[PDB]
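Colleague: Right, I'll just put the structure down here and ask away after.
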There are 2 protein chains.
Amino acid sequence: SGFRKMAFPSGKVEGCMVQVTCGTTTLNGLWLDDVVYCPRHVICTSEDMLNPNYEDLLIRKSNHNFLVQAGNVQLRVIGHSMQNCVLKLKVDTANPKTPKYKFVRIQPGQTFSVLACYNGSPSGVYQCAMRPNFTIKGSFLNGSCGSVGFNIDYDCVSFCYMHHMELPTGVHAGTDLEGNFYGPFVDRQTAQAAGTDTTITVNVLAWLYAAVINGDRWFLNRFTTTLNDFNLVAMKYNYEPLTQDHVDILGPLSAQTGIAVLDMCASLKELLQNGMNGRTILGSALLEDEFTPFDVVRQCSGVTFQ
Amino acid sequence: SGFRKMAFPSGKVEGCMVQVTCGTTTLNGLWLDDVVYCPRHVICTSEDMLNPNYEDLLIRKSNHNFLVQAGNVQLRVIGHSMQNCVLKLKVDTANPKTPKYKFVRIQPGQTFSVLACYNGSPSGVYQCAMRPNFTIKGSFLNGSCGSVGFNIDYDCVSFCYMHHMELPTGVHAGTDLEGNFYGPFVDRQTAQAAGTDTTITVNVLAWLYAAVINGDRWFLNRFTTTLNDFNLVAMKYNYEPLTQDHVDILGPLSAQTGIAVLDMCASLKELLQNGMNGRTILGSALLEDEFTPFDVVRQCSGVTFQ
Ligand SMILES: [Zn+2]
Ligand SMILES: [Zn+2]
């Protein structure tokens with residue numbers, strides 16, 4: 001038993017991280033097959049980032065202006081092309097460590113693991129959620145750009161995020177692996193603001209089920225409620241509204257614990273109005289929303305990967 | 001910027017995990033060179049665990065009673081020997097993926113990463129501290145035994161923990177890689193109790209420095225204090241007492257932020273007496289103690305590994 005903020009094992013992804021340099025800028029890229037993916041702002045200087053014209057900037061770069069290093073090995077760049085906000089560098093050698101992989105664009109509220117890298121070298125791994133305003137609350141220093149977020153489904157790695165920038169508010173923004181930003185952000189150093197960061201209600205509920213599985217039941221209450229009455233309270237507290245799809249997602253957890261989704265909703269409601277009162281749930285004094293219903297099931301049943 | 005509970009990349013350790021079976025019991029082992037390390041209670045049944053006589057039980061087992069599987073590959077057991085609470089299985093084949101490694105016995109308050117495995121297969125990775133009562137608050141299901149905890153120092157993997165059991169209180173206990181338990185626990189299914197779980201004061205202080213680095217300064221106060229007066233308050237709240245060694249550890253963080261260790265201590269004191277008052281520090285409403293001063297430095301400067 002017990003419950004921990006768990007990340008996916010990162011071995012499959014460590015073998016895909018390379019160091020990409022263009023001019024005097026160095027960041028991380030992702031080496032899959034004979035293509036290296038990296039943030040297109042690798043071709044910018046600190047001054048260019050204020051108002052970059054990436055098309056004009058890229059015209060003055062040739063295949064030999066890009067240095068790709070796989071550890072202490074040199075990859076030869078034989079072709080380049082810009083797709084949205086990523087560069088695609090075609091190299092001469094296919095990565096012998098390419099795993100079964102796919103690209104996916106995730107929805108807000110989904111979770112993934114981030115492998116934070118510097119100079120193509122892994123530094124650490126952590127789990128996070130995509131916030132409803134399409135930012136992530138990460139841990140990134142200079143040179144981490146091109147670090148990637150991923151999920152694992154048995155033997156297949158689903159890449160879903162590449163880090164591109166830190167906003168002036170200290171939160172983080174990036175793209176899918178096709179180069180389309182999550183949210184309305186652009187790869188320019190300018191005052192950009194994110195919308196309201198709401199709590200992911202369906203994830204809070206999954207976590208409350210995990211607490212019950214692990215023996216934290218004090219918050220369970222004798223009331224019940226309806227979807228409408230609950231959503232009207234939730235919205236007052238900047239919680240995402242719950243839909244019937246979210247009720248379907250929580251079905252298996254409802255069956256294991258014997259607690260109806262709507263009964264759990266009525267417990268959460270009382271918590272939103274009356275606070276924790278100094279108590280904790282699974283060692284937390286705040287309501288956690290970085291576990292999805294799938295994550296809870298995965299951890300409480302012991303899924304593995306190869 | 002930002003701050004996250006970060007684990008070490010686990011690629012180097014995923015390649016060392018094997019599945020060990022003896023009779024009708026299956027758990028994880030660690031395959032390094034031509035030796036497999038695993039919990040000795042692999043040779044027990046559910047009934048044996050009540051009052052095992054491991055010497056007598058091991059006499060009735062031969063080298064061919066042990067099944068070692070490296071993925072879908074069979075390792076031949078050519079020698080076995082019990083060292084404290086681990087079995088050492090000498091196999092015919094050396095692991096081609098053995099990294100530079102060492103064994104270390106950590107002290108309470110140190111942190112490490114756990115690679116949770118089931119049937120020799122990685123499931124996830126998380127960071128935790130060794131509590132002052134030599135337990136860990138982990139996430140382990142049946143079959144996770146033999147999962148390992150580790151640190152990474154550039155290219156060398158320091159193995160420091162192997163999971164052996166869950167206590168009736170839901171916390172977890174295990175050994176170093178020589179087979180000596182942390183704490184006074186034994187590998188028997190009996191009412192075993194841990195002592196008082198105190199907070200790791202030196203780690204709380206490191207985390208408060210991290211908060212200041214990242215722009216959370218509200219808790220900073222105008223008071224100061226002495227080591228003695230602070231320790232007398234700490235002990236009332238079941239905090240570990242601070243020593244001059246802990247002050248030396250925090251020296252570099254004190255220099256970066258311009259805040260004397262003792263001034264930070266006086267802030268913490270006020271927090272212990274007057275509570276958070278509903279505020280948060282680095283997104284937490286509780287005082288975190290699972291970052292060591294080294295971890296904070298590592299994350300706030302961007303150390304990497306190969
Ligand atoms: Zn950047
Ligand atoms: Zn066991």
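Residue names in the structure tokens use chain letters A, B, ... in the order shown, residue numbers from 1 in each chain, and ligand numbers from 1 in the order shown.
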Considering only C-alpha atoms, extract the chain A residues located within 8 Å of chain B and return them as a ChimeraX atom specification.
Modeller: /A:1-12,14,115,117-118,121-126,137-141,170-171,284-286,300-306
Colleague: Please dump the current selection as a compact mmCIF listing (two decimals), in the first residue's frame; keep N, CA and C atoms.
Modeller:
# COMPACT_ATOMS: atom_id res chain seq x y z
N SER A 1 0.84 -1.21 0.00
CA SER A 1 0.00 0.00 0.00
C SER A 1 0.86 1.25 0.00
N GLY A 2 0.25 2.39 0.32
CA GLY A 2 0.90 3.68 0.16
C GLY A 2 0.62 4.29 -1.21
N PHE A 3 0.89 5.59 -1.31
CA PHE A 3 0.61 6.34 -2.54
C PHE A 3 1.66 7.40 -2.75
N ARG A 4 2.24 7.44 -3.93
CA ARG A 4 3.34 8.35 -4.23
C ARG A 4 3.12 8.97 -5.61
N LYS A 5 3.53 10.21 -5.75
CA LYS A 5 3.61 10.86 -7.04
C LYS A 5 4.73 10.13 -7.83
N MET A 6 4.33 9.24 -8.73
CA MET A 6 5.21 8.35 -9.44
C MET A 6 5.39 8.78 -10.89
N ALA A 7 6.62 8.71 -11.37
CA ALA A 7 6.94 8.92 -12.77
C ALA A 7 7.18 7.59 -13.47
N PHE A 8 7.07 7.61 -14.80
CA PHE A 8 7.41 6.44 -15.61
C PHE A 8 8.92 6.25 -15.61
N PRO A 9 9.38 4.99 -15.67
CA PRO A 9 10.81 4.74 -15.89
C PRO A 9 11.28 5.41 -17.17
N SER A 10 12.45 6.04 -17.10
CA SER A 10 12.90 6.91 -18.19
C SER A 10 13.97 6.28 -19.08
N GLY A 11 14.31 4.99 -18.86
CA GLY A 11 15.40 4.39 -19.61
C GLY A 11 15.21 4.48 -21.12
N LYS A 12 13.99 4.27 -21.59
CA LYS A 12 13.75 4.27 -23.02
C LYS A 12 14.00 5.65 -23.64
N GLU A 14 16.11 8.25 -22.12
CA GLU A 14 17.50 8.64 -21.97
C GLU A 14 18.31 8.31 -23.21
N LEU A 115 11.46 14.31 -18.50
CA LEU A 115 12.88 13.97 -18.32
C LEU A 115 13.66 15.27 -18.54
N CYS A 117 16.70 17.56 -18.99
CA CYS A 117 18.03 17.34 -19.52
C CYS A 117 18.75 18.67 -19.67
N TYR A 118 20.10 18.61 -19.64
CA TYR A 118 20.97 19.77 -19.90
C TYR A 118 22.16 19.27 -20.71
N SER A 121 22.14 15.60 -21.58
CA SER A 121 22.32 14.63 -20.52
C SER A 121 21.16 14.66 -19.53
N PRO A 122 20.56 13.51 -19.23
CA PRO A 122 19.49 13.48 -18.21
C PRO A 122 19.93 13.99 -16.85
N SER A 123 19.07 14.76 -16.22
CA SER A 123 19.29 15.27 -14.88
C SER A 123 18.30 14.72 -13.85
N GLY A 124 17.04 14.51 -14.23
CA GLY A 124 16.06 13.99 -13.32
C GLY A 124 14.74 13.81 -14.03
N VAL A 125 13.81 13.19 -13.32
CA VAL A 125 12.51 12.82 -13.88
C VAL A 125 11.43 13.13 -12.86
N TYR A 126 10.33 13.75 -13.32
CA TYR A 126 9.24 14.09 -12.41
C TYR A 126 7.92 13.99 -13.16
N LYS A 137 3.62 23.47 -14.54
CA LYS A 137 4.38 23.97 -13.39
C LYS A 137 5.55 23.01 -13.20
N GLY A 138 6.64 23.31 -13.90
CA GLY A 138 7.78 22.43 -14.00
C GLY A 138 8.97 22.91 -13.20
N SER A 139 10.13 22.31 -13.48
CA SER A 139 11.41 22.68 -12.86
C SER A 139 12.42 22.68 -13.99
N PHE A 140 12.69 23.86 -14.56
CA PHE A 140 13.54 23.98 -15.74
C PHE A 140 14.52 25.13 -15.52
N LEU A 141 15.81 24.86 -15.76
CA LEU A 141 16.82 25.91 -15.77
C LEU A 141 17.24 26.19 -17.21
N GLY A 170 6.96 32.53 -14.30
CA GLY A 170 7.60 31.35 -13.76
C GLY A 170 7.00 30.01 -14.14
N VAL A 171 5.92 29.98 -14.90
CA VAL A 171 5.37 28.72 -15.41
C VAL A 171 5.94 28.44 -16.80
N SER A 284 -1.17 15.05 2.60
CA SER A 284 -1.27 16.39 2.01
C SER A 284 -2.32 17.20 2.75
N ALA A 285 -2.02 18.48 2.99
CA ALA A 285 -2.99 19.41 3.54
C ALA A 285 -3.76 20.15 2.45
N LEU A 286 -3.45 19.92 1.18
CA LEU A 286 -4.17 20.50 0.06
C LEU A 286 -4.75 19.40 -0.81
N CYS A 300 -2.57 1.52 -7.90
CA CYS A 300 -3.27 0.68 -6.95
C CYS A 300 -3.45 -0.76 -7.43
N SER A 301 -3.02 -1.10 -8.66
CA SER A 301 -3.07 -2.47 -9.16
C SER A 301 -1.71 -3.01 -9.61
N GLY A 302 -0.72 -2.14 -9.84
CA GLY A 302 0.64 -2.59 -10.11
C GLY A 302 0.92 -2.92 -11.56
N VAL A 303 0.60 -1.99 -12.47
CA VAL A 303 0.91 -2.16 -13.89
C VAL A 303 2.41 -1.99 -14.09
N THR A 304 2.95 -2.68 -15.10
CA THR A 304 4.38 -2.66 -15.40
C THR A 304 4.59 -2.44 -16.90
N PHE A 305 5.87 -2.29 -17.27
CA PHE A 305 6.26 -1.99 -18.65
C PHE A 305 7.51 -2.78 -19.01
N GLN A 306 7.73 -2.94 -20.31
CA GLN A 306 8.92 -3.64 -20.79
C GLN A 306 9.77 -2.73 -21.68
Colleague: Could you give me, as a short mmCIF file (atom, residue, chain, number, x, y, z; two decimals) with C-alpha atoms, in the first residue's frame, every polymer residue with an atom at most 6 Å away from an atom of ligand 2, counting only C-alpha atoms and all ligand atoms?
Modeller:
data_model
loop_
_atom_site.label_atom_id
_atom_site.label_comp_id
_atom_site.auth_asym_id
_atom_site.auth_seq_id
_atom_site.Cartn_x
_atom_site.Cartn_y
_atom_site.Cartn_z
CA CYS B 145 9.90 -7.02 -2.89
CA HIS B 164 11.74 -6.39 1.99
CA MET B 165 8.44 -5.76 3.78
#
Colleague: Please run DSSP on the backbone and report, as a PDB file with N, CA and C atoms, in the first residue's frame, all residues within range 48-217 of chain B that come out as alpha helix (DSSP H).
Modeller:
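Generated file (selection.pdb):
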ATOM      1  N   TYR B  54      15.407 -19.552   8.435  1.00  0.00           N
ATOM      2  CA  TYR B  54      15.934 -19.438   7.082  1.00  0.00           C
ATOM      3  C   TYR B  54      17.059 -20.426   6.837  1.00  0.00           C
ATOM      4  N   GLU B  55      17.895 -20.664   7.842  1.00  0.00           N
ATOM      5  CA  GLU B  55      18.945 -21.661   7.681  1.00  0.00           C
ATOM      6  C   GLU B  55      18.349 -23.028   7.340  1.00  0.00           C
ATOM      7  N   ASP B  56      17.394 -23.500   8.143  1.00  0.00           N
ATOM      8  CA  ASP B  56      16.785 -24.799   7.866  1.00  0.00           C
ATOM      9  C   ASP B  56      16.066 -24.806   6.530  1.00  0.00           C
ATOM     10  N   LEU B  57      15.412 -23.692   6.181  1.00  0.00           N
ATOM     11  CA  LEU B  57      14.676 -23.631   4.930  1.00  0.00           C
ATOM     12  C   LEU B  57      15.620 -23.676   3.738  1.00  0.00           C
ATOM     13  N   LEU B  58      16.790 -23.030   3.855  1.00  0.00           N
ATOM     14  CA  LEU B  58      17.735 -22.937   2.744  1.00  0.00           C
ATOM     15  C   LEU B  58      18.488 -24.236   2.500  1.00  0.00           C
ATOM     16  N   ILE B  59      18.616 -25.082   3.524  1.00  0.00           N
ATOM     17  CA  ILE B  59      19.306 -26.356   3.376  1.00  0.00           C
ATOM     18  C   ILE B  59      18.586 -27.247   2.364  1.00  0.00           C
ATOM     19  N   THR B 201      14.874  18.214  10.325  1.00  0.00           N
ATOM     20  CA  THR B 201      14.950  19.681  10.362  1.00  0.00           C
ATOM     21  C   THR B 201      15.896  20.265   9.317  1.00  0.00           C
ATOM     22  N   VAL B 202      17.056  19.648   9.121  1.00  0.00           N
ATOM     23  CA  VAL B 202      18.024  20.204   8.181  1.00  0.00           C
ATOM     24  C   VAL B 202      17.442  20.230   6.775  1.00  0.00           C
ATOM     25  N   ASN B 203      16.561  19.272   6.446  1.00  0.00           N
ATOM     26  CA  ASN B 203      15.961  19.231   5.121  1.00  0.00           C
ATOM     27  C   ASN B 203      14.875  20.288   4.964  1.00  0.00           C
ATOM     28  N   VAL B 204      14.060  20.479   6.007  1.00  0.00           N
ATOM     29  CA  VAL B 204      13.087  21.571   5.999  1.00  0.00           C
ATOM     30  C   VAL B 204      13.784  22.894   5.719  1.00  0.00           C
ATOM     31  N   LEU B 205      14.945  23.111   6.359  1.00  0.00           N
ATOM     32  CA  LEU B 205      15.669  24.373   6.152  1.00  0.00           C
ATOM     33  C   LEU B 205      16.163  24.508   4.714  1.00  0.00           C
ATOM     34  N   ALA B 206      16.729  23.430   4.162  1.00  0.00           N
ATOM     35  CA  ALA B 206      17.141  23.471   2.756  1.00  0.00           C
ATOM     36  C   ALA B 206      15.982  23.842   1.835  1.00  0.00           C
ATOM     37  N   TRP B 207      14.794  23.313   2.130  1.00  0.00           N
ATOM     38  CA  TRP B 207      13.615  23.587   1.310  1.00  0.00           C
ATOM     39  C   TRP B 207      13.152  25.035   1.456  1.00  0.00           C
ATOM     40  N   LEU B 208      13.265  25.575   2.658  1.00  0.00           N
ATOM     41  CA  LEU B 208      12.959  26.998   2.829  1.00  0.00           C
ATOM     42  C   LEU B 208      13.914  27.880   2.022  1.00  0.00           C
ATOM     43  N   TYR B 209      15.174  27.486   1.919  1.00  0.00           N
ATOM     44  CA  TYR B 209      16.105  28.214   1.067  1.00  0.00           C
ATOM     45  C   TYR B 209      15.692  28.120  -0.402  1.00  0.00           C
ATOM     46  N   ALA B 210      15.313  26.916  -0.858  1.00  0.00           N
ATOM     47  CA  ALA B 210      14.778  26.756  -2.211  1.00  0.00           C
ATOM     48  C   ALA B 210      13.602  27.687  -2.460  1.00  0.00           C
ATOM     49  N   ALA B 211      12.657  27.770  -1.510  1.00  0.00           N
ATOM     50  CA  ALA B 211      11.533  28.692  -1.674  1.00  0.00           C
ATOM     51  C   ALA B 211      12.015  30.130  -1.895  1.00  0.00           C
ATOM     52  N   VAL B 212      13.000  30.572  -1.114  1.00  0.00           N
ATOM     53  CA  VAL B 212      13.496  31.942  -1.268  1.00  0.00           C
ATOM     54  C   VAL B 212      14.136  32.115  -2.643  1.00  0.00           C
ATOM     55  N   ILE B 213      14.934  31.140  -3.072  1.00  0.00           N
ATOM     56  CA  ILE B 213      15.518  31.186  -4.408  1.00  0.00           C
ATOM     57  C   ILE B 213      14.450  31.361  -5.476  1.00  0.00           C
TER      58      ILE B 213
END
Colleague: To one decimal place in Å, what is the distance between CA of residue 293 in chain B and CA of residue 149 in chain B?
Modeller: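 Those two atoms sit 19.2 Å apart.
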Colleague: Determine, counting only C-alpha atoms, which protein, DNA and RNA residues have an atom within 12 Å of an atom of residue 220 in chain B; residues of the same chain fewer than 3 positions away are not included. Present the result as a VMD selection string.
Modeller: chain B and resid 208 to 209 211 to 212 215 to 217 223 to 224 257 259 to 260 262 to 271 281
Colleague: Do a neighbour search on residue 87 in chain B at 8 Å with only C-alpha atoms, toss out local chain neighbours closer than 6 positions, and write the hits as a PyMOL selection string.
Modeller: chain B and resi 36-40+80-81
Colleague: For CA of residue 89 in chain A and CA of residue 77 in chain A, determine how far apart the two atoms are, in Å to one decimal place.
Modeller: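 Atom-to-atom, CA of residue 89 in chain A to CA of residue 77 in chain A, that is 6.4 Å.
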Colleague: Under the rule that only C-alpha atoms are counted, which of B:94, B:130, B:49, B:73 is the nearest residue to residue 31 in chain B?
Modeller: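 For residue 31 in chain B, the nearest of the given residues is B:94.
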Colleague: Write out as an MDAnalysis selection string the residues lying within 8 Å of residue 178 in chain A, counting only C-alpha atoms and excluding same-chain residues fewer than 2 positions away.
Modeller: chainID A and resid 83:86 103 175:176 180
Colleague: Please indicate the distance in Å from CA of residue 219 in chain A to CA of residue 273 in chain B, rounded to one decimal place.
Modeller: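 That distance, rounded to one decimal, is 26.3 Å.
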Colleague: Taking the DSSP assignment computed from this structure's backbone, write out as a list in words all residues of range 131-291 of chain B that belong to strand (DSSP E or B).
Modeller: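 So the strand (DSSP E or B) residues in range 131-291 of chain B would be residues 136, 148, 149, 150, 151, 152, 153, 156, 157, 158, 159, 160, 161, 162, 163, 164, 165, 166, 172, 173, 174, 175, 181, 199, 239, 281 and 284 of chain B.
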Colleague: Need the shell around residue 189 in chain A: protein/DNA/RNA residues with any atom at most 9 Å away, counting only C-alpha atoms. Skip same-chain ones fewer than 3 positions apart. Format as a PyMOL selection string?
Modeller: chain A and resi 49-51+165+167-168+186+192
Colleague: At a cut-off of 12 Å, using only C-alpha atoms, what residues contact range 241-245 of chain B? Leave out same-chain residues fewer than 5 positions from it and give the result as a count of residues only.
Modeller: 25
